[PDB]
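Please note: Cβ atoms are built from the backbone with ideal geometry, for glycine as well, and neighbour counts cover all protein chains shown. Basis: the model, the stated rules and, where named, an outside source; no laboratory read-out is quoted.
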Amino acid sequence: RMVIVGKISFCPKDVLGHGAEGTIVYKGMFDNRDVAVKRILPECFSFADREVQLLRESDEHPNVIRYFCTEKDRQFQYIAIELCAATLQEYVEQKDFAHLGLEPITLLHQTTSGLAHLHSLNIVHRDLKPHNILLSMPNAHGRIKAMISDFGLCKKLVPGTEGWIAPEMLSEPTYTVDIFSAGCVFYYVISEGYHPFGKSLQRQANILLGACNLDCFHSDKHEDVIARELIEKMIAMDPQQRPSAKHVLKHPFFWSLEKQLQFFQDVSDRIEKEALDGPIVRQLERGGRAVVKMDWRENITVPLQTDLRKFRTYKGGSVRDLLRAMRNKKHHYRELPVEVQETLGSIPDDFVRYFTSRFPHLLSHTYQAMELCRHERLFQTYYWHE
Amino acid sequence: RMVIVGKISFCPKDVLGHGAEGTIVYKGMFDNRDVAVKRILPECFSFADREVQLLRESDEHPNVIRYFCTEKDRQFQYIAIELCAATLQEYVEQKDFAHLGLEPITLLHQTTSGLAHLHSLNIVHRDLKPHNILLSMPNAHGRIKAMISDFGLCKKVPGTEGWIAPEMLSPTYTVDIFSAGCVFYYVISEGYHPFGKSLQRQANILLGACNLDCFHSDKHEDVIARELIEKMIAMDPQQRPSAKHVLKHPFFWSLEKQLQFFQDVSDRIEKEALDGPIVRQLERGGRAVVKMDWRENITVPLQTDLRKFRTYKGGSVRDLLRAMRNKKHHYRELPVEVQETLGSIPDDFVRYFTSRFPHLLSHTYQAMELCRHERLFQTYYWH
Ligand SMILES: Nc1ncnc2c1ncn2[C@@H]1O[C@H](COP(=O)(O)OP(=O)(O)O)[C@@H](O)[C@H]1O
Ligand SMILES: Nc1ncnc2c1ncn2[C@@H]1O[C@H](COP(=O)(O)OP(=O)(O)O)[C@@H](O)[C@H]1O
Ligand SMILES: *Cc1cc(-c2ccc(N3CCOCC3)cc2)cc(OC)c1O
Ligand SMILES: [Mg+2]
Ligand SMILES: [Mg+2]
């Protein structure tokens, strides 16, 4: 038994899900495309059409959901939205969600970028949760994309939802609240379900308390060291400590394998032809022996060490010698003994994974100690300024 | 085996139909809605995207279909357009068809309004025909509407064997007005073409040969529809009316509109001398339309009641119209017998009189062309 309320339309029996404060989402229609229609009480939730229009008038971003149209029933409010296949919950939780075929880390790239698109428009979500990060229906060749939804709306008379509210929002808003929320959903995605804060009932209590677990992030694993390093700052209690929408996009956490490798190359080149006394080099061996595992030479595979023994001239007590060795080996890769190629290669995936496997703090240490050269013409693909 | 050439997508197994000169149309996708994608060879047809872009940058007309986006394969050209239910063909010829939902004259109306909107944009369809008028899939509350398609593209002679205005063989909107005339007949006739069967169609059109066999002269609606289509399929390009002129024609009027015309005219003609040029023009056709004496060509209750006042000449058009208007006005206080024969207003009533004087509206219309500029007669007449 269908309803109209013209310019939008739906059937009430096809209900998708109930939201906060008595709002309901069904599967309706529009032109003829399948749509999710969100039906809202105007006294509870407050749509702000101005922001949404600004979204429309500006260049369409691929990871920020589009609102079809808005009309005000007497006692209600009606929104027609691209029917998505699921929310982030189905993704990380159901596990059966046949991707396809996107990685969680690109998922977070998408999300953070879309969010950044919002923040460029000086627009803040106020309620970033796994339910407000939706997944498209499969596209042409079957690929899936992630968009943020439920933006530009709020509550009259605290916004957001229990569990995903920043600390400072609960003590008598800018982008930072969205960056905190985003850190949480990052952990929720990476950690296959666990919340950093950590159980449902205690979650927000610990948010104000400052309790974090993060126990999924070992210290002997590269990717975990990176993830931890970023999320640590995203969910920092001090809102001034939280990284901006773009800043997060620029993190090593997002880099491709090739990008990490190239990072190691570039770094090795730029540190070469400068004195050991210089600021950069001295700083690069600041953490020193720690990351290298004392001497890097014995901590690597056999053939590689036979070649290196044949050539070095490589202290091993230095990270810089390691970097330089990696750059040399990457460069001269093709003209190397086939066994060496077998252990190292292929470039760049297996190559760089071969070193970050064995030195989990290498990329991190290099990246941080090389912040000095952040302004140089080469490193703007790597670092942020303002 | 899905095809991409993004952003469009289709299965070459779900073909909807072959087109002209190799082009074909399949049921494809876009965002996530079903669409129809027709592929063309860019070596045959030349798209003018300035026109379609101009369509986009102008007001959305409910009867002009929309081409979603245009893009080029290396070897092909792809157009994705709103997926429709059928063409005029299935509308007319498929005996078990759901309109649902829409009358044929409302169909033609829609078609002509979309057509007029196109013409307003200084774009000429160049190829009007049934396949190029389409039926939409049911909407919100089920209602089907009709949209015109395949406009804005041409061939590297435009048109189609059967519907091509003769002077294009020996272009302006007049061509579309002519093709439109053809489709008007085609629709109203429930299957027939004026010119009139397939192979001779274009021979007979260069000839000037018309059929119009299904339009009698004893049925009012026939006389009107004919009166228009004739002017639409006139072999002289400057004779055919403009796309809006076609719309303003009595053919499209509602019954309320018709009876309102009759009353307005009857109020106007009155208090003007009988030698007067307007009234004299009105009685030029005279007897023939009035059937000698209109008193004798109505029901017996009405005439036995018209006896009591007349005053009603009966050979005269003005007097019939004025009797209509007077009996209309004083309807409340008429005997139940007379009320009953006339039937409820305006439907049964204006039909009561149009039944018996099929030429009456056509005649009064043409005769009242005299006062076309008047501020009361503008809802009826062209400018
Ligand atoms: N755009 C959408 N498309 C499809 N399903 C949706 C959409 N938005 C929400 N849903 C589903 O409907 C439910 C209600 O969502 P919503 O009204 O946004 O409140 P909340 O933000 O608390 O989930 C959600 O759990 C989600 O699973
Ligand atoms: N939007 C549409 N929806 C469904 N079918 C269509 C559509 N457009 C065209 N067709 C089908 O494609 C066939 C021919 O394609 P086209 O070149 O557009 O028409 P024609 O060749 O008759 O001018 C028609 O007979 C019609 O059935
Ligand atoms: C790993 C590594 C490799 C070289 C090196 C490799 C290959 C060449 N050539 C030039 C002559 O032979 C053909 C290819 C030269 C040098 C050098 C170093 O550094 C000593 C090194 O670490
Ligand atoms: Mg939501
Ligand atoms: Mg067609």
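Yes/no matrix, rows are residues, columns are (1) in a strand (DSSP E or B); (2) out of contact with any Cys (no Cβ under 8 Å at 6 or more places or on another chain); (3) of a type in the set (A, V, I, L, M); (4) more than 14 Å from chain B (Cβ to nearest Cβ):
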position: A:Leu100; (1), (2), (3), (4): no, yes, yes, yes
position: A:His119; (1), (2), (3), (4): no, yes, no, yes
position: A:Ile123; (1), (2), (3), (4): no, yes, yes, yes
position: A:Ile144; (1), (2), (3), (4): no, yes, yes, no
position: A:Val158; (1), (2), (3), (4): no, yes, yes, yes
position: A:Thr161; (1), (2), (3), (4): no, yes, no, yes
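Can you run down the residue pairs with Cβ atoms below 8 Å, 6 or more apart or on separate chains, where the first is in segment B:131-145 and on the phi > 0 side of the Ramachandran plot and the partner is part of a loop (DSSP other than H, G, I, E, B)?
Correct list of pairs: B:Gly142/B:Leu100; B:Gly142/B:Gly101.
Of the numbered conditions (1) surrounded by fewer than 18 Cβ atoms within 10 Å (Cβ to Cβ); (2) assigned by CATH to the domain that holds A:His251, A:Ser58 fails exactly one; give the number of that condition.
Here A:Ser58 clears every test but (2).
If I filter segment B:67-84 for residues that are surrounded by 12 or more Cβ atoms within 10 Å (Cβ to Cβ), over 25 Å from the mean Cα position of the chain (by Cα), within 29 Å of B:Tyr186 (Cβ to Cβ) and more than 14 Å from chain A (Cβ to nearest Cβ), do I get at least one hit?
yes
Mind listing whichever residues of segment A:43-55 are closer than 18 Å to A:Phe76 by Cβ and either more than 15 Å from ligand 1 (Cβ to nearest atom) or in the same structural domain as A:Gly160 (by CATH) (or both)?
Matches in segment A:43-55: A:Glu43, A:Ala48, A:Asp49.
Tell me, which strands (runs of 3 or more DSSP E) lie completely within segment A:1-52 with 3 or more residues that are within 14 Å of chain B (Cβ to nearest Cβ)?
Because the criterion is at least 3 residues that are within 14 Å of chain B (Cβ to nearest Cβ), the strands (runs of 3 or more DSSP E) in segment A:1-52 that meet it are A:9-18, A:24-29, A:34-39.
Among the residues of segment B:146-156 satisfying the criterion of being more than 11 Å from ligand 5 (Cβ to nearest atom) and in a loop (DSSP other than H, G, I, E, B), which is nearest to the other protein chains (Cβ to nearest Cβ)?
Ranking the qualifying residues of segment B:146-156, first place goes to B:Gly152.
For segment A:131-142, name all the residues that are crowded, with 21+ Cβ neighbours inside 10 Å and more than 14 Å from chain B (Cβ to nearest Cβ).
Taking segment A:131-142 and keeping what is crowded, with 21+ Cβ neighbours inside 10 Å, we get A:132-136.
Passing the criteria: A:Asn132, A:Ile133.
Considering each of B:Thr364, B:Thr299 in turn, give the residue that is of a type in the set (S, T, N, Q) and either within 16 Å of B:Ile278 (Cα to Cα) or in the same structural domain as B:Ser242 (by CATH) (or both).
On the way: B:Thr299 fails: either within 16 Å of B:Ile278 (Cα to Cα) or in the same structural domain as B:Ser242 (by CATH) (or both).
Residue meeting the stated conditions: B:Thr364.
Inspect segment B:89-100 for any residue being within 16 Å of ligand 2 (Cβ to nearest atom) and acidic (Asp, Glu) and give the result as yes or no.
Within segment B:89-100, one or more residues are within 16 Å of ligand 2 (Cβ to nearest atom) and acidic (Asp, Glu).
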